[PDB]
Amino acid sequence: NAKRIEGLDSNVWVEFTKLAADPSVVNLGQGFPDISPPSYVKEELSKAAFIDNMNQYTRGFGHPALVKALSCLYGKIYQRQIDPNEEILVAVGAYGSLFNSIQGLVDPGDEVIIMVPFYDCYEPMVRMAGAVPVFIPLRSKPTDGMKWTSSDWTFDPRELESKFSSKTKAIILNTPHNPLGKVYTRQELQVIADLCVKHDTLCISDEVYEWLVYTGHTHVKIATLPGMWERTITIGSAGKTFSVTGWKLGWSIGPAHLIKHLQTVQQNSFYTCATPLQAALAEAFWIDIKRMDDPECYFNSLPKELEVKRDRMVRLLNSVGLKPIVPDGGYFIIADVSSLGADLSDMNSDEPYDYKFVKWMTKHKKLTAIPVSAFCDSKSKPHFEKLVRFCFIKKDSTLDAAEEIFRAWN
């Protein structure tokens, strides 16, 4: 194997599929919506399937109708004209956008700052570019008294400063956050932005859950803050926007001098994305761009729908004494498990607590979830190994089955 990939071959994630394969199991593990996608999204793929051109090669950097849709949508959000050709790159999901960003912008021996826990691909991507990941953890503050929330988790601004050096190339920001559900505050984004302009670094901003923020919170884009447009790449995703995870289309939005470099990676890796999916997606975006101020709009109706399910899941978790962190955004909820019965001495292995716990819960209680330490650099794992992540973008019937289990739990 080539050197750039030494030690990047870990997949405990096929293990988590194996656990979940048994069909008498309620799988609340991986982020697999089992709700229907919007009808019109399915319809549009079908319509595009029957047009010959829509089955042939389209523009390398994104299908013109799609990048037209995206520029119009984000134009509104940024309050800025966004250039469909120079300031957007369409790629194989947000995943591939992250790849373009890091491969195009990051050099061997560069430092990249990562907030732990992190969407897990951030570490191997930075190492493959020959760069050094520099970890800083989220820490929790005291609670309001009533409930534990995502907002009770923050970073230490002075600790963050301590991470930046002349070697810092970039920082990777993920908001709304996976796995916490944290919606970063304008004050938190201002601390980060301060350090990027101060240190002349870039910010890679992973905002795939931009539409899933709940009551009392607002998605704020760091790229919109003073001095940040020049230096930010902001990444979105079709899968997350339209509950169509199997489409694997995402976008990078930022200034032309940075998008250039992303574009070169794309050109030299896979060249172009699929035409029918992009065609269809552009129609779907149009359907929703035109009704943004209605509850009918998918950007509004989905978080309204999901918030109910969030609250249902909180209660269910509480009903067995798992201690839930109610999320500000996204469609994951994390739950501390330590105050349940520590049952695992006899499961013999130096695997972190939560892998063990999840394995136990799958065997005995017929429910799977994800161990939060799967989202942690090796030195950070002990500080998170009592934490377990559940996904709730599920239909009622699935949550019912989950309810069946928690009722019967004792």
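Rigid core: the largest C-alpha set superposing within 1.5 Å between the two forms. Don't overthink the numbering: it's just position in the shown sequence, from 1.
- The segment moving more, judged by mean Cα distance from this form in 6 other deposited structures of this protein after a core overlay, is 8 to 16 among 390 to 398 and 8 to 16.
- Taking the PDB entry as given, 360 to 368 carries the higher mean Cα B factor of the two stretches 360 to 368 and 377 to 385.
- Higher mean CA B-factor, judged across 38 to 46 and 340 to 348 from the recorded values: 340 to 348.
- In this structure the maximum Cα B-factor among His177, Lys240, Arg291, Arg231 is found at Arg291.
- For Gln263, the recorded CA temperature factor ranks within the middle third of the chain's modelled residues.
- Per-chain ranking of the deposited C-alpha B factor places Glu207 in the lowest third.
- Among the modelled residues of its chain, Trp148 has a C-alpha B-factor that falls in the highest third according to the deposited record.
- Per-chain ranking of the deposited C-alpha B factor places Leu322 in the highest third.
- When the CA B factors of the chain's modelled residues are split into thirds, the value for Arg158 lands in the middle one.
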